[PDB]
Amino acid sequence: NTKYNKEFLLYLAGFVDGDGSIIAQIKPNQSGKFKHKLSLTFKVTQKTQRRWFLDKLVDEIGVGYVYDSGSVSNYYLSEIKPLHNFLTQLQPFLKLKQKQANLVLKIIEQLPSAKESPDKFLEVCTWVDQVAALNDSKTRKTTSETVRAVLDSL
């Protein structure tokens, strides 16, 4: 568990609140238990001209990746454990995306017990909904009701 410098977390919080994104997703997973996979993603977006800035993040955070998609690049962290460690420390400084961060931390911690009953799983799916609500969601498909419909059919 890496400890991060405070002045680093303070700057990063502002940048994340500006050009970053905290994402919770319910992904279709046929080869699975409830046909639905959960995905948590911390993401920092920036133009490829400044890919170096996002490259620095990989070294400073210690994990994550940088991929290209047009004229724009993104930093990408989805690995649950370093994600929980990173968001735990960044959260006290976030202003605009603090609640999304907290819901993600809360989803991660309740993740193993959500693999049990579908009821507990669907409850966690509703927490995914709230994150999308707090973001500027525009192109969302799979929600908690998309899970319930497939689950009640079973």
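Don't overthink the numbering: it's just position in the shown sequence, from 1.
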10-18 set against 138-146, stretch whose average Cα temperature factor tops the other in the entry: 138-146
Stretch with the higher entry mean CA B-factor, where the candidates are 103-111 and 86-94: 103-111
Given 53, 127, 65, 42, the residue at which the Cα B factor reaches its maximum: 127
Assigned third (lowest, middle, highest) for the C-alpha B factor of residue 5: lowest
Ranked against its chain, the third holding the CA B-factor of residue 123: highest
Residue 38 by Cα B-factor - lowest, middle or highest third of the modelled chain: highest
Chain thirds of CA B-factor: placement of residue 49: middle
For residue 59, the third of its chain into which the C-alpha B factor falls: middle
